[PDB]
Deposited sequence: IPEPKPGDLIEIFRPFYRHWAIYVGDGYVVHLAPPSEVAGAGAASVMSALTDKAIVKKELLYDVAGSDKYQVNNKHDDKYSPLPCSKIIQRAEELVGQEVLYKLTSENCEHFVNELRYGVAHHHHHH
């Protein structure tokens, strides 16, 4: 897999779970983690042995926001709590809000 662009959605294929993250560069992604807390961590470390892919699933319906706006919002949330639990669907929702906005 070539290096993703900043703002790209990353789908991580666990056994029995789909963890999502958004690429913010230099090997880093922003994603949710159990204490949910927003973390900025290296994709190699997050994925471990699991496969992953870029999956900008909704680029056919919505334009991504400007890359600098995606990154600013992702960075503003790093270290902050979110009010829902980790599920595959909640994780995907989280990164979709970053790439596409609240709509």
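Colleague: Could you sort out which parts of the deposited sequence are absent from the coordinates (no C-alpha) and give them as ranges from 1?
Modeller: Missing from the model are residues 36-53, 122-127.
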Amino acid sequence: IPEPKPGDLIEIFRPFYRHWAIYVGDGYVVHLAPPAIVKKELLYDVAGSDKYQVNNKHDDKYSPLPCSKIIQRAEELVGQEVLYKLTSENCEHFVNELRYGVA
From here on, numbers count along this sequence of modelled residues.
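Colleague: Using the B-factors recorded in the PDB entry, average over the C-alpha atoms of 94-102 and of 1-9, then report which stretch comes out higher.
Modeller: That would be 1-9.
Colleague: Decide which of the stretches 36-44 and 60-68 has the higher mean C-alpha B-factor, going by the entry.
Modeller: Mean C-alpha B-factor is greater for 60-68.
Colleague: Compared with the other modelled residues in the chain, in which third is the CA B-factor of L86?
Modeller: Highest third of the chain for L86's C-alpha B-factor.
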